[PDB]
């Protein structure tokens, strides 16, 4: 049972006026202050698309920008230092991506498209790091489309970008970057990548203290997996994880790729504790106070990085991927 944050009255009033859920929790070290507190407040935003999926793209996108602006203003009242939006936050979701409409109209330059420029202004204005998952057009490489997250500094400068490494059956070509911010080292595991323990691992190995998982996912099976995967990744990697899913029923028609999004955004910690999920249907802001030195408390008990034998696994995996690999199997 995590301590609830005494979020300001002004924030609660604004969230009520703006019709979104506001929740706040703390993950704090043991009362005895053995080590230094390394406190960062994170914000997770889940929302439905404001306009119908067929609405003009300029209008859909600007309506989403205005919606997020209102929520981030409340996040700032609560002292959020790092905020992350949901997967493909400026568009209706569809299971697939193709090089035709509507995708090609929604797609933007990661470095200087209107959503990134909007986020730079937000970030600077509230002294807040902003993580923006978008559909990217890479104009330097043939206009190919990527599922990309852009990381914006609290100074308003673009820190860089990270791409979706795992795609259900466009696979990310940027490895596992970690962004050093004023408020901690962060990484972004996009959507379906939550299903791959190795994806979480490489971000942690490269130094991530917080791994965000912006997702856009539907159905009974996905919802059953939702409370387990991101939660386990926090434990296994001694880090914090932030699971985000959108809400609402609106979608591009299923004929576009030939859906019900369940929200339930949450934060999980290195000690196995987690926040209650946000609503399954309502727009929402989850504020979490993280002590990033909590891992040091966990590491008095176990250190999985020290006992991981990663050099051994590198060798075993390399052997396993070979085309002539006969598995290590014993028979009578």
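Positions refer to the first chain, counted from 1.
Q: Output the stretch having the higher mean C-alpha B factor in the entry; the candidates are 243 to 251 and 228 to 236.
A: According to the entry, 243 to 251 carries the higher average C-alpha B-factor.
Q: Test of understanding: from the entry's C-alpha B-factors, which stretch has the higher mean, 149 to 157 or 90 to 98?
A: Here the higher of the two C-alpha B-factor means belongs to 90 to 98.
Q: Among 267, 26, 278, 58, which carries the highest Cα B-factor?
A: Of the candidates given, the C-alpha B-factor peaks at 58.
Q: Which has the highest CA B-factor per the PDB entry: 73, 127, 108, 140?
A: Comparing C-alpha B-factors across 73, 127, 108, 140, the maximum falls on 140.
Q: Please say which third, lowest, middle or highest, residue 299 falls into when its CA temperature factor is compared across its chain.
A: According to the entry, residue 299 has a C-alpha B-factor in the chain's highest third.
Q: Can you tell me which third, lowest, middle or highest, the CA B-factor of residue 64 falls into for its chain?
A: Middle third.
Q: Mind checking which third residue 103 falls in for C-alpha B-factor across the chain?
A: According to the entry, residue 103 has a C-alpha B-factor in the chain's middle third.
Q: What third of its chain, lowest, middle or highest, does the C-alpha temperature factor of residue 50 fall into?
A: For residue 50, whose C-alpha B-factor we compare with every modelled residue in the chain, the answer is the highest third.
Q: C-alpha B factor of residue 194, ranked within the chain: lowest, middle or highest third?
A: CA B-factor rank for residue 194: lowest third.
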